[PDB]
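In structure tokens, the next block holds one chain alone, the form deposited in one PDB entry.
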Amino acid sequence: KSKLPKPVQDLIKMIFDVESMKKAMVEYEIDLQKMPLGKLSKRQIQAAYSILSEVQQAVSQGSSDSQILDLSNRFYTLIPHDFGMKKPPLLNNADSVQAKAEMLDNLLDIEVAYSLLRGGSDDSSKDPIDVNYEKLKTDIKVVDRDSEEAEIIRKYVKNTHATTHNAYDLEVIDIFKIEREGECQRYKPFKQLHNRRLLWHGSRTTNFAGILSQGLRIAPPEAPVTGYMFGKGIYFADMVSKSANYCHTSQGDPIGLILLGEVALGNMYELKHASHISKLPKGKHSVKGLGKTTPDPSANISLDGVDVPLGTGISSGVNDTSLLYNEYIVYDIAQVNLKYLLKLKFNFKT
């Protein structure tokens, strides 16, 4: 029987929930019979990314409605969907190709979670929670509610909830100080860089077994760059509600998880509209998407030498931008040092 703190055990319990993995695939209309969770594979997912890129150009340079049919049917061959005996829907536009790329992003992280559960050894004398905790290669400590870290973090959640996202409010349940194995090694070249900020990153619960094990990764080469607004990089935000939206919680699933990572932004290449870039202009370390609203730059405070933009939301003085709030994108996975993990209770007023 495990000796870990109860919050850590409850975190592991849902991080490795097989039923939550099966439900997330059902959410994507995936045929769990022809595509079981045990038969998930990087080779199969990468091929689907590749065919999804085929539909990209044909949609981009306007192909006839029957030329798309073969490429669309091609994608369903690789990723089996459940539509019975009727035709699956056509992937004829750019919105339907990014929705199927978002699924592949989560299928890749779900594959890692199940791969850890089926790999390795089993020992009936050992706690399953203790066994699965060791597979994350991550030291997880419970931050004291009475501590100074918790006060700064609670203020971050309290102050950066956007009015546009007022259909719910956030209640901090647990705060975790996380340390990934070998991550501080990776973060050494950017350890003392300028413009280091503590930013949010939200994701589905079924993604976190892969995030804590392999880190926040960047999409494989086969993924269509057209789907991501600012290209293939790791995206962050300074508003907690913006990142909490990607937890994809609901009334029947009101518990979500969010990250607080140290991102070395450096000299930010600021943009206002989409830019599916591959490389960065020389001298730039990151991309910032300028938003209509920004946290108060005079309310910035420092936590362990890192700047926390927990100021109240105010106007940024930027006209003709496609973003209501800021985005931060880095394109090297070594510029991210994950620091905190929060258990959020979504109280929906909807």
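For clarity, a rigid core is taken as the largest C-alpha set superposing within 1.5 Å between two forms. Residues carry their position along the shown sequence, with the first being 1.
Higher mean CA temperature factor, per the PDB entry, when comparing 67-75 with 211-219: 67-75. Mean CA B-factor, 106-114 versus 89-97: the higher value falls on 89-97. Of the candidates 204, 154, 242, 276, the PDB record gives 276 the highest C-alpha temperature factor. In the deposited entry, the Cα temperature factor of residue 174 sits in the bottom third of values across the chain's modelled residues. The deposited CA B-factor of residue 149 belongs to the middle third of values across its chain. Per-chain ranking of the deposited C-alpha B factor places residue 180 in the middle third. The entry lists a Cα temperature factor for residue 310 that places it in the lowest third of the chain's modelled residues. Compared with the other modelled residues of the chain, the Cα B-factor recorded for residue 133 ranks in the lowest third.
There is another form of this protein, the form deposited in another entry, and it is not shown here; the text below is about that form.
In the core-superposed comparison between the shown form and the other one, the C-alpha atom of residue 251 has shifted by less than 2 angstroms. The rigid-core alignment places the CA of residue 38 less than 2 Å apart between the shown form and the other one.
After superposing the rigid core, the C-alpha of residue 116 moves by less than 2 Å between the shown form and the other one.
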